[PDB]
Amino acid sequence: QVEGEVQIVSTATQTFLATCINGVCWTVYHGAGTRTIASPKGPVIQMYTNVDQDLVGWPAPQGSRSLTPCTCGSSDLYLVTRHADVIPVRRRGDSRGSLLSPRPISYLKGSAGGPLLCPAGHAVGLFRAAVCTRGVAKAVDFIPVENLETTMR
């Protein structure tokens, strides 16, 4: 009966992450497409599909719980990867942040859809993509949580 806020997900060709926030399981369009999500009762369709934002949402599955959105406006972020590593990130702009300690790109591979957390553990954004210089991830692009909140409206 332990629940997870973060799902590790797969298509036939890719593997990445989804994050539950406010009852919705969110991930990146560039991973999921228009795909349904599996369930023991068969496919479940997307509730939200926003291609401009690279954002997709399904109802939250069984075995999950929702993250609360950040309300503290902090700039100290923490990215969680598919291996459950935590990577500190300083926020630069609305949708960008840079690692405190750059890592090989393979360290972040398959983590798109994962959360960026504030010091409180609340959701600041969804990791969209690694910003790379010669196999080394130095920054991150992310979907700010405000965009999820407005997509729902």
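Residue numbers run from 1 along the displayed sequence.
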Where do the C-alpha atoms have the higher mean temperature factor in this entry, in 134-142 or in 17-25? 134-142
Test of understanding: from the entry's C-alpha B-factors, which stretch has the higher mean, 117-125 or 104-112? 104-112
Checking the entry, which one of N50, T36, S39, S66 has the top C-alpha B factor? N50
Taking the entry's C-alpha B-factors for this chain, is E149 in the lowest, middle or highest third? highest
Mind checking which third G97 falls in for C-alpha B-factor across the chain? middle
